[PDB]
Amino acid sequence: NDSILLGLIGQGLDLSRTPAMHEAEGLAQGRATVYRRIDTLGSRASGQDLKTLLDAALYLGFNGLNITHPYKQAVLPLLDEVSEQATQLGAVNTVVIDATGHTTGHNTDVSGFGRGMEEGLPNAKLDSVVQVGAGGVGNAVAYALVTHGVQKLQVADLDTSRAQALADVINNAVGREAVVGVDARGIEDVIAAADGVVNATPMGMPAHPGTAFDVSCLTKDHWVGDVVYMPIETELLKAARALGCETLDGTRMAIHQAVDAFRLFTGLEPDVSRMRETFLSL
């Protein structure tokens, strides 16, 4: 019945649904659970170095942390151990803290997106996929794609250098040329020839209305995924659904990263439907 203490280190955390998911699921399994935002833009933690905040969590009896932007790369050298996937990606979003203070980094963005593919695109054809966007979440998405059956992934970003760096990282991680950086300009023709496409840009959010490419390149035979989870039905996914395409909405990864982290943090088997419920309720 031991209480569970967790937090999230990052910037601009007020709207995160991750604390609620973990607090509700802990309680549902008979464990009082606190999950605190540790926001370096906020009044409590501003100006503090990542190492200070990590060490604080160790001293205070935290059982785990999530890590978000801008710290998912910076955190790695601070940890005692890092999983092979998080090591090869160079990004950790989950830190398990042992009873006595030892830290292990994991990446449940990767495992969560992969689980979302299994759950929401079980029959998808994976030979050729395009991903638009190579930022933060895009790196984990790309790794997930090519580890969950994608043979060739073409990644486009306005910043070609980001796409090519992504490709190098993932290809090294997997040990094959799974990923190719391609130009953003003319990406429609590349998507048209592919089996599926994933949006890993901010486009579709209320503050970034529209789509990252012209949806007229889609066909009924494509599948389409999106990382954006608010709104759940982005303009891109609306356009795909209108053609009869299978779609993967961004809530799947957002929920499953938390499912997977909860399991790592606690050793308990999370109830996916309960955590999904909490996510959707906020």
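Note that residue numbering follows the sequence shown and begins at 1.
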TODO: Tell me which of 180-188 and 150-158 has the higher mean C-alpha B-factor in the deposited entry.
DONE: 180-188
TODO: State which stretch shows the higher mean Cα B factor in the entry: 44-52 or 30-38.
DONE: 44-52
Open item on the list: Comparing recorded Cα B-factors across 20, 261, 9, 268, which one is largest?
Closed with: 268
Task: 141, 99, 132, 92, ranked by C-alpha B-factor: the highest one - done: 99
Task: Within-chain third of residue 280 by Cα B-factor, per the entry - done: middle
Task: Among modelled residues of the same chain, the CA temperature factor third for residue 163 - done: middle
Task: Entry-reported Cα temperature factor of residue 61, expressed as the chain third it lands in - done: lowest
Open item on the list: Splitting the chain's C-alpha B-factors into thirds, which one does residue 219 fall into?
Closed with: highest
Task: residue 103 by Cα B-factor - lowest, middle or highest third of the modelled chain - done: lowest
